[PDB]
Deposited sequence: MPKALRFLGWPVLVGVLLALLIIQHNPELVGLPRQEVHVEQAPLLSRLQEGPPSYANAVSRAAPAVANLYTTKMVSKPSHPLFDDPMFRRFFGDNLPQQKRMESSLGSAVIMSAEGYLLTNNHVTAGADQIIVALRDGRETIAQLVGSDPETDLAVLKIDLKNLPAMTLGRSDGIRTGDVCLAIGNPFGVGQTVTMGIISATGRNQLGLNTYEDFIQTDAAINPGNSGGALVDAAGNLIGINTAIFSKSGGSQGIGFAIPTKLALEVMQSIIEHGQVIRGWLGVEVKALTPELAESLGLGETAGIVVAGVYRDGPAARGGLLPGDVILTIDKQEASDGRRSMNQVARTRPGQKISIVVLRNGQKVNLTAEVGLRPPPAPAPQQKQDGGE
């Protein structure tokens, strides 16, 4: 049929980013509210000395950088303009593979461009682009210049911020990646509020069972987070875990997935303490621990 109505709704709220540093770079950004806050990638505006925002209706203006979060590759901007169009929000949770989506951006500086595809996959982590990833995968053509633009559903509602691609040729081969809205709103709100995103710290480093040793004290591969390693300071080595310890629950929640344990720990405010039960030599042992702060640290492959 036609996706023009979706385009008409959403394209006004997607902007072209021109940045100058010390040299010149292109990207995209999404207008989140009529008050002038804009969402984009960190690798678009990082180190810029000047950010110009060019809107679909032709106005241009310099943008102020509210703040940035490199661990998710997001950044926030504020512009002083009246009568701004604002993107409507979709539900990242409600999307399904095979749903149709639209990417809106400035690929190769050609101008605002709409590309069409489907959701290829949801929840892509383990990719190796950012510390925290819940990537939406799409086959809508996404190219250098699409960063920070909008991935939008068939009705025009924002489902993601286009950030990266996997490609052998430096341009689209049908495998592109967008940060889900629900994740991007979380990051956007703290930045707007605290100029950054505050995460919690915990020494432990973990891996899967690979259950030859874990076959010992055998279970169905249920609720076991294997521990390997510790770190230099503000450590969780002084709360009771050791290399080889295995964690059934963190803050009374299953350690089935090591990705989830990253998330809970980041969302626990710095300066607090917490309880983890790991299985040592065949019996549940109970620990409790503090919470440190996390220290400070489009894209191809």
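Visitor: Which segments of the deposited sequence lack C-alpha coordinates in the modelled structure, numbering from residue 1?
Guide: Counting from residue 1, the stretches without coordinates are 1 to 52, 75 to 102, 378 to 385.
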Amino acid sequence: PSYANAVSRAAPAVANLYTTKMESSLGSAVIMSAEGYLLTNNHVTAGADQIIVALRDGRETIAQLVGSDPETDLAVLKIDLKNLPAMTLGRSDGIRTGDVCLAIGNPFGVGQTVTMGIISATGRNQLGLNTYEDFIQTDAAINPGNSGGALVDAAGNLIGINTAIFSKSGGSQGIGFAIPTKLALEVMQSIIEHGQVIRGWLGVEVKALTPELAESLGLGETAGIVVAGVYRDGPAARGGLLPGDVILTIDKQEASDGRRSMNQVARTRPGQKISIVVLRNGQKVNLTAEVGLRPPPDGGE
From here on, numbers count along this sequence of modelled residues.
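Visitor: Could you check the entry and say whether 124 to 132 or 140 to 148 has the higher mean CA B-factor?
Guide: Averaging CA B-factors over each stretch, the winner is 124 to 132.
Visitor: Regarding 186 to 194 and 168 to 176, which shows the higher C-alpha temperature factor on average in the entry?
Guide: Comparing averages over the C-alpha atoms only gives 186 to 194.
Visitor: Reading the B-factor column of the entry, which of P243, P70, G36, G47 has the highest value at its C-alpha atom?
Guide: Going by the entry's C-alpha B-factors, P243 comes out highest.
Visitor: Out of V110, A103, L84, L213, which residue has the highest Cα temperature factor in the PDB record?
Guide: Of the options given, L213 has the highest CA B-factor in the PDB entry.
Visitor: Lowest, middle or highest third of the chain for the C-alpha temperature factor of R96?
Guide: CA B-factor rank for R96: lowest third.
Visitor: Quick check for you: using the entry's CA B-factors within this chain, is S256 in the lowest, middle or highest third?
Guide: It falls in the top third of the chain.
Visitor: Comparing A10 with the other modelled residues of its chain, is its CA B-factor in the lowest, middle or highest third?
Guide: It falls in the bottom third of the chain.
Visitor: With respect to C-alpha B-factor, does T268 fall in the lowest, middle or highest third of the chain as deposited?
Guide: Answer is middle: the recorded C-alpha B-factor places it there.
Visitor: Going by the CA temperature factor in the PDB record, which third of the chain does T61 belong to: lowest, middle or highest?
Guide: As the PDB entry reports it, the C-alpha B-factor of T61 lands in the middle third of its chain.
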